[PDB]
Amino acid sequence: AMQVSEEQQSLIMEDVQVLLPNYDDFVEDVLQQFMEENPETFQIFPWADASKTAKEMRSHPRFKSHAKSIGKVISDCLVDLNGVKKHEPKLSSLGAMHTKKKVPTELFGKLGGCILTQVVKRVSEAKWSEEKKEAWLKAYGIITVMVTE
């Protein structure tokens, strides 16, 4: 039941289109808010420079490049949620970076709150809905499993 309905896939694709024209900005907004709200990430991300604010980090090539990388895994999963197992072997080595010992498990929940917040910011008020909220949350759950397992 790690499967989304066809209607959930479709609601997601409809927000992916809204996000596509500014997709890189969207993903950097997410990582910047995540780092603002969870300051311990400046010790977990090796490239993060603890003498700078998240917003100062946003200019750094290593912030941009980490956002582009997670941005790609998320994009590839969102666009075909049920067929996500095709990405299995290219993913593969993510598991070892995301163990409980390296990444405190409650940070996954936090990062999903940040994705949902930036999604709400880019989607129109008229289009956002409870059903979309549940489709994105379920989607985030599947992406989570791919990156940890």
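Counting begins at 1, following the sequence as shown.
In this crystal structure, the stretch out of 47 to 55 and 112 to 120 whose C-alpha atoms carry the higher mean B factor is 47 to 55. Between 36 to 44 and 91 to 99, it is 91 to 99 that carries the larger average Cα temperature factor according to the deposited entry.
The PDB entry assigns residue 28 a C-alpha temperature factor belonging to the lowest third of its chain's modelled residues. In this PDB entry, the Cα temperature factor of residue 16 sits in the middle third of its chain's modelled residues.
Residue 69: CA B factor in the lowest third of modelled residues in this chain (values from the PDB entry).
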